[PDB]
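Accompanying notes for the structure given below.
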2 protein chains.
Amino acid sequence: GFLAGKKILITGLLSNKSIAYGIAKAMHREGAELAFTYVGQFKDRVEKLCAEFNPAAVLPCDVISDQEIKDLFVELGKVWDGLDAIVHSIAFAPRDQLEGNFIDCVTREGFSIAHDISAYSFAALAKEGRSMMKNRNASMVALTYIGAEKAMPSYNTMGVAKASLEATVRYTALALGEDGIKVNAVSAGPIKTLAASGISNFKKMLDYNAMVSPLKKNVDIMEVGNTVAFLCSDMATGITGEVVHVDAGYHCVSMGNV
Amino acid sequence: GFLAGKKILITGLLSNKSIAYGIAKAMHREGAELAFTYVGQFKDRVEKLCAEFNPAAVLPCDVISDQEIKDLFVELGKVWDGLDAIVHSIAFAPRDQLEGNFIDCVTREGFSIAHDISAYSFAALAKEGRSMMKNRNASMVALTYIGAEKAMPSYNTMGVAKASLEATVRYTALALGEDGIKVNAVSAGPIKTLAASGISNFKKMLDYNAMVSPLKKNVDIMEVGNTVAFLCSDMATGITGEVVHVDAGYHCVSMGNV
Ligand SMILES: NC(=O)c1ccc[n+]([C@@H]2O[C@H](COP(=O)([O-])OP(=O)(O)OC[C@H]3O[C@@H](n4cnc5c(N)ncnc54)[C@H](O)[C@@H]3O)[C@@H](O)[C@H]2O)c1
Ligand SMILES: NC(=O)c1ccc[n+]([C@@H]2O[C@H](COP(=O)([O-])OP(=O)(O)OC[C@H]3O[C@@H](n4cnc5c(N)ncnc54)[C@H](O)[C@@H]3O)[C@@H](O)[C@H]2O)c1
Ligand SMILES: COc1ccc(Cn2cnc3cc4c(cc32)CCC4)cc1C
Ligand SMILES: COc1ccc(Cn2cnc3cc4c(cc32)CCC4)cc1C
């Protein structure tokens with residue numbers, strides 16, 4: 001596999017349907033040694049889910065806490081000498097932030113919380129993981145949505161946070177490039193997941209994409225997963241600060257619905 | 001290999017140093033059956049160069065002629081049933097178009113000729129190759145430069161043509177998506193090639209990139225090659241109408257201060 005022997009940490013595995021699950025499948029297939037994080041009381045769920053992937057570790061990390069992030073790389077640094085990649089696949093905003101009108105529903109705290117978890121957490125992982133990733137063609141890949149680029153209904157504060165994430169990807173790439181670390185993001189098309197079912201009429205947003213995009217379809221977690229895998233390989237060492245759209249071509253059209 | 005049994009046409013192989021050479025190396029390693037094009041009197045050069053790649057065909061194609069493009073898919077259609085990918089790696093503008101001041105040097109014919117060969121030729125290959133590429137998760141990949149996005153010294157009409165190419169990539173993706181064909185471009189960082197030595201102080205433009213970009217380096221033809229390969233694989237079926245920068249992260253920075 002093109003990830004043979006590489007040591008990669010995966011965040012945000014929560015379900016059979018999670019994008020992280022797809023990323024894991026791809027990376028396992030390609031021969032990576034994987035470690036997974038989990039939040040609070042999902043310990044048992046995640047341990048069972050990712051068992052099939054032979055993880056070198058399944059450790060607690062709520063990216064709300066600087067302490068846990070620091071402890072993550074302590075515990076991880078015990079079982080691994082160095083680390084080849086980090087996969088950021090974490091997003092949250094309080095539910096009141098995703099209902100209807102952006103200016104109506106937006107709040108100072110919901111804005112803060114969404115950025116803290118969905119954007120800042122990335123540079124945090126980069127901050128603490130940096131020394132384990134020095135000079136070994138290491139890699140970081142964040143997950144983002146086109147809601148960062150264009151104003152959309154319902155996405156609201158999450159869209160603003162995603163924009164924050166993407167700039168952070170860029171500034172993390174400038175910061176970590178001197179250590180040979182590459183930093184990139186995959187902008188996924190909508191996928192039916194646990195985070196996804198946190199918004200109202202998803203089945204049709206998902207059908208709109210299918211109708212209006214060039215390949216007339218939705219992307220699966222393997223399409224996204226396989227792309228993340230590539231971006232953590234020696235093949236992608238010319239690529240950093242980049243956003244690769246995996247959305248069946250949605251990003252490149254306008255009015256494609258005649 | 002992730003391109004096992006796939007039938008891919010490669011244009012613009014001219015040298016040991018060509019981007020196409022790197023693309024070939026990558027695709028061969030991944031188990032693709034390859035065919036190559038050549039212009040006029042380079043027959044012997046290209047035949048010898050690409051011998052190592054076991055080509056199913058080495059055929060003449062000057063993209064200036066609609067007839068030759070049509071004949072290419074006739075001859076190719078003889079030795080292959082269908083075709084999985086086309087790799088566009090062709091660019092030209094008259095030398096008078098690349099000296100100094102854009103408005104000084106630009107001409108109606110140089111503008112026409114550059115677009116004809118560097119941009120139109122892509123939609124031409126798509127036009128004629130379309131039937132051989134129907135409903136088999138087929139792929140097109142064009143090579144482009146950041147001169148398309150931003151105004152640069154010397155690049156001039158070639159920059160304008162590259163912008164034309166990138167839009168053509170987008171419109172070809174909308175056109176061919178219904179047939180399951182994906183269309184994408186790789187925006188390569190500067191690389192010391194035969195086309196490249198057609199501009200004056202390349203050694204330093206190449207050194208500026210190395211200094212100012214996040215990974216503090218230049219990309220090699222394998223980094224580009226390996227990315228083109230990926231974009232022609234079943235792993236990239238969620239990706240179309242996209243421009244992936246392979247430029248050591250140059251695209252994402254401003255003011256690498258000196
Ligand atoms: N579903 C989509 O349409 C889609 C599209 C583009 C991008 N994405 C992005 O992909 C990522 C993965 O989401 P998903 O769609 O697989 O949904 P998911 O619900 O399966 O995963 C989201 C993850 O966020 C994690 N998370 C939330 N708060 C956390 C915290 N405080 N600390 C640590 N982890 C926390 C959860 O464990 C969960 O695994 C997200 O960044 C998301 O925005 C999703
Ligand atoms: N060298 C760089 O810095 C760089 C950076 C970004 C993008 N690119 C692009 O990559 C592609 C390949 O260029 P390269 O750098 O490998 O150099 P190269 O000189 O090896 O390749 C250019 C190719 O164009 C072909 N060509 C010229 N006129 C043609 C015609 N009329 N019909 C068919 N083919 C014709 C030549 O045979 C040649 O193989 C071009 O699209 C180029 O703009 C190069
Ligand atoms: C414009 O319409 C949409 C397209 C895709 C998605 C799915 N989607 C993508 N990233 C996400 C992050 C979160 C949620 C959903 C996420 C809930 C909290 C955290 C959501 C919307 C509103
Ligand atoms: C920042 O300035 C540059 C970076 C890269 C390149 C290399 N380069 C890329 N595509 C090309 C096409 C042609 C030439 C060269 C090409 C000559 C014939 C046609 C050129 C310039 C001016």
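Here is the naming used below: chain letters follow the sequence lines, and residue numbers restart at 1 for every chain. Below, each value reflects all heavy atoms present in this structure, side chains not excepted, and no hydrogens, waters or symmetry copies. Order of listing sets the numbers, starting from 1, for every ligand and every atom in it.
Looking at atom 5 (C) of ligand 4, its nearest protein heavy atom turns out to be B:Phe202 CE1, 3.5 Å. Considering only non-hydrogen protein atoms, atom 1 (C) of ligand 4 sits nearest to B:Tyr145 OH, 3.4 Å. When hydrogens are left out, the protein atom nearest atom 15 (C) of ligand 4 is B:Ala195 O, 3.2 Å; that is the closest non-hydrogen contact. B:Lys162 NZ, 2.8 Å is the protein heavy atom nearest to atom 41 (O) of ligand 2. Protein heavy atom at the shortest distance from atom 10 (N) of ligand 4 is B:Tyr155 OH, 2.8 Å. Annotation: atom 4 (C) of ligand 2 to nearest protein heavy atom, B:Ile19 CD1, 4.0 Å.
Close N/O approach between B:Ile64 and ligand 2 is not found [any backbone or side-chain N/O within under 3.5 Å]. Between A:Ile191 and ligand 1, at least one pair of N/O atoms sits closer than 3.5 Å. Below 3.5 Å of separation, one finds no N or O of A:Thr144 facing any N or O of ligand 1. Residue B:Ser18 places at least one N or O, backbone or side chain, under 3.5 Å from an N or O of ligand 2. At a 3.5 angstrom cut-off on N or O pairs, B:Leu194 does not count as close to ligand 2. For a threshold of 3.5 Å applied to N or O pairs, the pair formed by B:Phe92 and ligand 2 contains no separation below that value.
In the model, B:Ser121 has a side-chain atom that pairs as donor or acceptor with a side-chain atom of B:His88 under 3.5 Å.
Within ligand 4, the atoms closer than 4.0 Å to a non-hydrogen atom of B:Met205 are 1 (C), 2 (O), 3 (C), numbered from 1 in the order shown. Numbered from 1 in the order shown, with element, the atoms of ligand 1 that lie under 4.0 Å from a heavy atom of A:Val63 read 30 (C), 32 (N), 33 (C). Those atoms of ligand 4 with a heavy atom of B:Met158 less than 4.0 angstrom away are 12 (C), 19 (C). For ligand 1 and A:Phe202, the ligand atoms under 4.0 Å from any heavy atom of the residue are 3 (O). Ligand-side atoms of ligand 1 in range of A:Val39: 30 (C), 32 (N), 33 (C), 34 (N), 37 (O), range being under 4.0 angstrom from any heavy atom. Numbered from 1 in the order shown, with element, the atoms of ligand 1 that lie under 4.0 Å from a heavy atom of A:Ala196 read 1 (N). Ligand-side atoms of ligand 1 in range of A:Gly189: 5 (C), range being under 4.0 angstrom from any heavy atom. Close contacts of ligand 4 with B:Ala91, meaning ligand atoms under 4.0 Å from a residue heavy atom, involve 12 (C), 19 (C).
If you look at A:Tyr21 and A:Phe36, their ring centroids are not closer than 6.0 Å.
For B:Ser89, the closest heavy-atom approach to ligand 2 falls below 4.0 Å. Remark: distances from the non-hydrogen atoms of A:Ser15 to ligand 1 are all 4.0 Å or more.
Taking a 6.0 Å sphere around CZ of B:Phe42, one finds it holds 12 or fewer heavy atoms contributed by other residues, nucleotides or ligands.
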